[PDB]
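First comes one chain, alone, set out as structure tokens in the form deposited in one PDB entry.
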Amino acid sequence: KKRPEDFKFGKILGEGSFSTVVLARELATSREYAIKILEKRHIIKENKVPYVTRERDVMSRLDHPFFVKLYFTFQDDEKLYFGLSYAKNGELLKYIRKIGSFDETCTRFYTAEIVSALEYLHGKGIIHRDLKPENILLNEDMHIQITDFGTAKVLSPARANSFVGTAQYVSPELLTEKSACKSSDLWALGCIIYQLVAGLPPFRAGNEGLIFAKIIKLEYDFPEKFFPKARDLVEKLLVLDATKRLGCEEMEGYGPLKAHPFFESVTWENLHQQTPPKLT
């Protein structure tokens, strides 16, 4: 029902391989949206339509404060437009790079929000499959806003067969069995926790193949100082057997995960309304 004429477009927020995200003000309401714009000829020609349709379908299902919201979509002759919530503070990755690593309180708090987010997502039977700090945005208040649902999968009411993801965060089962499940996201969570504390994700190399070989061998080490209860949690997530990761369904879900000693001081109830600790 909305049209391009309905908005004043401002600065480009970022660019993807087949998309541009632009900050826009809706004239009729004065609201700010991040508008994702896809060229129809380009997505048809480069075979991206399945990913565009998947992103719209998955995002339409989501209604949780830790996810970017899809408010509306429209199209004209040349373009599709997705109106998204504007995450003013950009990617979580920017903050890991800037400050180098998070202290225990910040690690705990941001990990808790991600765990809360994943509990919601897996409860709806959806796997993300590309969870990483670049795909975790931050709103004006510094709460997380998970994004990038074009490679997500709605599981039909355990396993998904498309090969998708980012080498550093890909789970061993996707490499060796050629499928992913909810537990694959918990593997990515382990990588992200490690990255928050250590400054880099645990499987690192300058090319994907070398990363793959390390992942399948569980070849990684903790830096000398690494919060002991965080290390224990990481060891319970970075497990080759996907059925043995803390938080997976065969480990009886998110209850035991949230009960991990690392999260002891966490109040899970209204996390999105708590004041995040300052990063720095």
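A residue's number is simply how far along the shown sequence it sits, counting from 1.
- Where coordinates are absent for parts of the deposited sequence, a chain break appears; between neighbours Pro157 and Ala158 it spans 4 to 9 residues.
- Remark: stretch with higher mean C-alpha B factor among 93-101 and 188-196 is 93-101.
- Of the two segments examined, 22-30 and 239-247, it is 239-247 that shows the higher average Cα temperature factor in the deposited entry.
- As recorded in the PDB entry, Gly206 shows the highest C-alpha B-factor of the residues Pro201, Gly206, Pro133, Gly209.
- Which of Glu55, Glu39, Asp221, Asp232 has the largest Cα B-factor in the deposited entry comes down to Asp221.
- Ranked by C-alpha B-factor against the other modelled residues of its chain, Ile43 falls in the highest third.
- In this PDB entry, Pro261 carries a Cα temperature factor that places it within the middle third of its chain's modelled residues.
- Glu119: CA B factor in the lowest third of modelled residues in this chain (values from the PDB entry).
- Split the chain's modelled residues into thirds by C-alpha temperature factor. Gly253 is in the highest one.
- Placement of the Cα temperature factor of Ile144 within the chain: lowest third of the modelled residues, per the deposited record.
The protein also exists as the form solved in complex with a small molecule; that form is not presented, and the subsequent description refers to it.
- With the partner omitted here, the stretch from 108-116, 186-194, 170-178, 73-81 that lies within 4.5 Å of the small molecule by heavy atoms in the deposited bound form is 73-81.
- Interface residue among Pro50, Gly255, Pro228, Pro223 relative to the small molecule in the deposited bound form, by the heavy atom within 4.5 Å criterion: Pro50.
- Contact check at 4.5 Å (heavy atoms) against the small molecule in the deposited bound form: none of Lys124, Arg159 and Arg245 pass.
- In the deposited bound form, the small molecule sits beyond 4.5 Å of every heavy atom of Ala213.
- Remark: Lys236 does not count among the residues lining the small molecule in the deposited bound form, judged by a heavy atom distance of 4.5 Å or less.
- In the deposited bound form, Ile44 approaches the small molecule with a heavy atom inside 4.5 Å.
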